[PDB]
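In what follows, a structure is listed as structure tokens, so that the remarks can point back to it.
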Amino acid sequence: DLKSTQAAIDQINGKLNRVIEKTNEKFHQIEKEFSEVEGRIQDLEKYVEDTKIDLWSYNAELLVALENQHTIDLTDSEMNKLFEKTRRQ
Amino acid sequence: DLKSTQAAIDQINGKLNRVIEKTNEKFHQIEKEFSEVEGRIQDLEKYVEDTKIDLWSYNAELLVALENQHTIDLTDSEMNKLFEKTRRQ
Amino acid sequence: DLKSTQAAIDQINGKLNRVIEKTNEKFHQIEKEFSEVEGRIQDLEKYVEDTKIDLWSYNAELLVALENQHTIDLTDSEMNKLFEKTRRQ
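Chains as they are written, first to last, in PDB author numbering: chain D, 37 to 125; chain B, 37 to 125; chain F, 37 to 125.
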């Protein structure tokens, strides 16, 4: 009779609410995983930027160090050359 | 009577189609977010490759510049040495 | 009569199980895509670490090479200077 139909209505309502809430919590799973992976890429981008910046900074420092040493060596070499020249006099 | 049962059938059909289309559009949300995050990682990979390539290129250029300068300095130092030696004669 | 109602029950059960299994397999799609993108970021992180490590290693090697050459050049220059000084005697 209609009683078995009503029991079917209740159990389809139950399973429908079940899949509803399950889907909702699994969407929560997916969205928190999006949040965490986006944070992962954000920190990775920050790491790449920091690495690039400090590598370029050290390249700059080494460049100016080489230039400084070259200048100093030329200058004192000329200085000792003139020193010896005067010592000859 | 069966009329209330029929109204229940219509409203469960309504809510079922509702959750159906909602799930579909939210899956669309998730898949476009996959597409955009994959593009993000793609462009990040391209950025890392470009950074590595230009850093290695500048390292190469600095290496050959140092070698060139060393060679030039040795050569002209020897040249001026021979110049002064001949000037002594 | 109740027969059309029963047919409606069967077809809503069918469509409900259909959306159930479809959602489940599409969640499988989403989770394997999470797995593969997490592996992508993992290998990208490993690549960034390897690049940074070998660049810093080559910077170290170039630094010690420059220091070695500077030391060697100072030393042998002083040596030949003393050599010529003694040759004058």
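Even for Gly, the Cβ is constructed at its ideal location relative to N, Cα and C.
Item to complete: Could you tell me if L91 of chain D is buried or exposed, where buried requires 16 or more neighbouring beta carbons within 10 angstroms of its beta carbon?
Response: Walking along the first sequence from the start, residue 91 of chain D turns up at place 55. Classification of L91 of chain D: buried, given that the 10 Å Cβ count is 16 or more.
Item to complete: Go through the region 44-108 of chain B residue by residue and report every complete run of the alpha helix (DSSP H) that reaches 4 residues or more, in order.
Response: As far as the region 44-108 of chain B is concerned, it has no whole alpha helix (DSSP H) run of at least 4 residues.
Worksheet item: Are the C-beta of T111 of chain F and some C-beta of chain B separated by less than 8 Å?
Response: Position 75 of the third sequence, counting from 1, holds the residue named residue 111 of chain F. False, the Cβ-Cβ gap to chain B never drops below 8 Å.
Practice prompt. Find out if the Cβ-Cβ distance for the pair residue 126 of chain D, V84 of chain B is shorter than 8 Å.
Written response: Outside the shown range of chain D, which is 37 to 125, sits residue 126 of chain D, and nothing can be said about it.
Practice prompt. Give the residues of chain F in contact with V100 of chain D, contact being defined as C-beta atoms less than 9 Å apart.
Written response: Counting from 1 along the first sequence, the entry for residue 100 of chain D is found at position 64. By Cβ distance, chain F contributes nothing, its closest Cβ being about 14 Å from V100 of chain D, past 9 Å.
Worksheet item: Buried or exposed: which applies to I89 of chain F, given that a residue is buried once 16 or more other Cβ atoms fall within 10 Å of its Cβ?
Response: Start at 1 with the first residue of the third sequence, and residue 89 of chain F comes out as number 53. It counts as exposed.
Worksheet item: Just how far apart, CA to CA, sit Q78 of chain D and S71 of chain B?
Response: The residue given as residue 78 of chain D occupies position 42 in the first sequence. The residue given as residue 71 of chain B occupies position 35 in the second sequence. One C-alpha to the other measures close to 17 Å.
Worksheet item: Exposed or buried, which one is residue 144 of chain D when buried takes at least 16 other CB atoms within 10 Å?
Response: Because chain D is modelled from 37 through 125, residue 144 of chain D falls outside the range shown and cannot be assessed.
Practice prompt. Check whether the region 114-123 of chain F touches the region 113-125 of chain B, counting contact only when three or more Cβ pairs, one atom from each stretch, lie closer than 8 Å.
Written response: The region 114-123 of chain F is not in contact with the region 113-125 of chain B.
Worksheet entry | Alpha-carbon to alpha-carbon, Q42 of chain F and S40 of chain B | By one-based count along the second sequence, residue 40 of chain B stands at place 4. By one-based count along the third sequence, residue 42 of chain F stands at place 6. Straight-line Cα distance between these residues: approximately 15 Å.
Fill in: Exposed unless 16 or more other CB atoms sit within 10 angstroms - verdict on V55 of chain D
If you number the first sequence from 1, residue 55 of chain D lands on position 19. Counting every other CB atom within 10 Å of its CB across the protein chains shown gives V55 of chain D a total of 16 or more, marking it as buried.
Practice prompt. With DSSP collapsed to three states, give me the class of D112 of chain B.
Written response: By one-based count along the second sequence, residue 112 of chain B stands at place 76. In the three-state DSSP reduction, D112 of chain B falls in the helix class (H, G or I).
Worksheet item: Can you find a CB in chain B that lies within less than 8 Å of the CB of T122 of chain D?
Response: The count along the first sequence starts at 1 and reaches residue 122 of chain D at position 86. The C-beta of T122 of chain D comes no closer than 8 Å to any C-beta of chain B.
Fill in: Local conformation of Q125 of chain F per DSSP, three classes
Taking the first residue of the third sequence as 1, we reach residue 125 of chain F at position 89. Note: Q125 of chain F maps to coil in three-state DSSP.
Worksheet entry | Beta-carbon gap between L80 of chain B and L52 of chain F smaller than 8 Å | As a position in the second sequence, residue 80 of chain B is number 44, starting the count at 1. As a position in the third sequence, residue 52 of chain F is number 16, starting the count at 1. Contact: no.
Worksheet item: When you check each C-beta in the region 65-84 of chain B against every C-beta of chain D, which residues fall closer than 8 Å?
Response: Legend: CB atoms of the region 65-84 of chain B lying less than 8 Å from CB atoms of chain D belong to residues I66, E69, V73, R76, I77, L80, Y83, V84.
Discussion item. Using 8 Å for Cβ pairs, my map puts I66 of chain D next to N49 of chain F. What's the rounded Cβ distance?
Written reply: The count along the first sequence starts at 1 and reaches residue 66 of chain D at position 30. The count along the third sequence starts at 1 and reaches residue 49 of chain F at position 13. Going by Cβ atoms, the distance from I66 of chain D to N49 of chain F rounds to 27 Å, so no, they are not a contact pair.
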